[PDB]
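Quick reminder, even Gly has a Cβ in these numbers, built from the backbone with ideal geometry, and neighbours come from all protein chains shown. We did not get these values from a lab; they are worked out from the coordinates using the rules stated.
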Amino acid sequence: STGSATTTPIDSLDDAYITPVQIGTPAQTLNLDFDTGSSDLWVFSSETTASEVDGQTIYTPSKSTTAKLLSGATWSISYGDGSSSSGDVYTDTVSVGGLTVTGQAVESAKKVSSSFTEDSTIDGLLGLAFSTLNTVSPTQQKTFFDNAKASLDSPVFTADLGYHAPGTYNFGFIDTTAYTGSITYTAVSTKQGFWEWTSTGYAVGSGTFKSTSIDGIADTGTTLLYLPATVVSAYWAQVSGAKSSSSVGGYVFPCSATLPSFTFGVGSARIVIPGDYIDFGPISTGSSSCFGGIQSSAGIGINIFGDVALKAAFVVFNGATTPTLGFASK
């Protein structure tokens, strides 16, 4: 089997991407944030505290003839940005782009943090990291991809995120028309439950490529590119007037600036992020100071190849017995 679904930016800045997902019988379609940095499929629901729902579409398990309460199961998650959610668990039929999994754990939110309430466009998350990170207790549950894998034509999914435009998540096949050149594959460590890999270096604009190992995670659920402070300082030094602002919480730059590209290495291959992918617009409405899309990871504990980086590539998440990642230009 295969599946293919369009993923759409939630706003004009590409702050996140939403993908329609069919849950239950009859189908209830919710727009979920596909997140290769986490491993829970959770949704706003008829059980979510009413004051914490503000425009989201909800899953109502009582209206699904295939929903079954997973007795005794609860979940609770906290994300790297400080947001969180928790609740109980159903199993139900879940379909993405024509690919159907029966008995998928659907984690129904009883509580969500304010950042989720305030984002009316995201109805939940669909985790695509390794199932070892799933938070369901006392019996950990499998991700959608883990449940689908054995049925897929090939045990892979691909992320093709657009810049200011829709893109595609495919399951079970590699669309050879969706990229240019070849796909370069690179080793993955699953020891932390992430799609963790080592970039071979970087360049700023037309500058020379610096060969240096940068360990980080491929994370579709993170907006920005978080890299070591040395790398990030080298980037922003090429933007007149850019500075790190403690009050704003990262590098800002004059909105009148032209941003240089940023290149990252995948083996001997190179992925070029155009400068305009690094512009996240005014820090507040009407400001002439703009927020940068490349930020320091120093306060995180891990480097994160988020959407800024991933949207410049066609990315293969190869879930074979020994997982690997592939990157192609497009």
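Below, the figures for the structure above:
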read-out	value
The range 103-112, residues that are of a type in the set (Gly, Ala, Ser) and surrounded by fewer than 20 Cβ atoms within 10 Å (Cβ to Cβ)	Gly103
Every residue from the range 202-218 that is under 25 Å from the mean Cα position of the chain (by Cα) and touching a residue at least 40 places away in the same chain (Cβ under 8 Å)	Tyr202, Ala203, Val204, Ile214, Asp215, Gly216, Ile217, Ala218
Pair list, Cβ < 6 Å and 6+ apart or interchain, from the range 136-152 residues that are more than 10 Å from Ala73 (Cβ to Cβ) to residues that are part of a helix (DSSP H, G or I)	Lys142/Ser131; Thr143/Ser131; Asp146/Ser131
Qualifying residue in the range 227-247 (condition: surrounded by 22 or more Cβ atoms within 10 Å (Cβ to Cβ), closer than 27 Å to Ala165 by Cβ and out of contact with any strand residue (DSSP E or B) (no Cβ under 8 Å at 6 or more places or on another chain))	no
Complete set of residues in the range 218-234 that are of a type in the set (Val, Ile, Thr) and part of a helix (DSSP H, G or I)	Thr230, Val231, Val232
Residues that are more than 16 Å from the chain's Cα centre (by Cα) and small (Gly, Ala, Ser), drawn from the range 150-164	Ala150, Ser151, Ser154
Tally, over the range 269-295, of residues that are touching a strand residue (DSSP E or B) at 6+ places or on another chain (Cβ under 7 Å) and polar (S, T, N, Q)	3
Count - residues of the range 175-217 that are β-branched (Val, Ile, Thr) and assigned to a loop (DSSP other than H, G, I, E, B)	7
Selection from the range 253-298 of residues that are of a type in the set (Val, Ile, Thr) and more than 24 Å from the chain's Cα centre (by Cα)	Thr258, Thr285
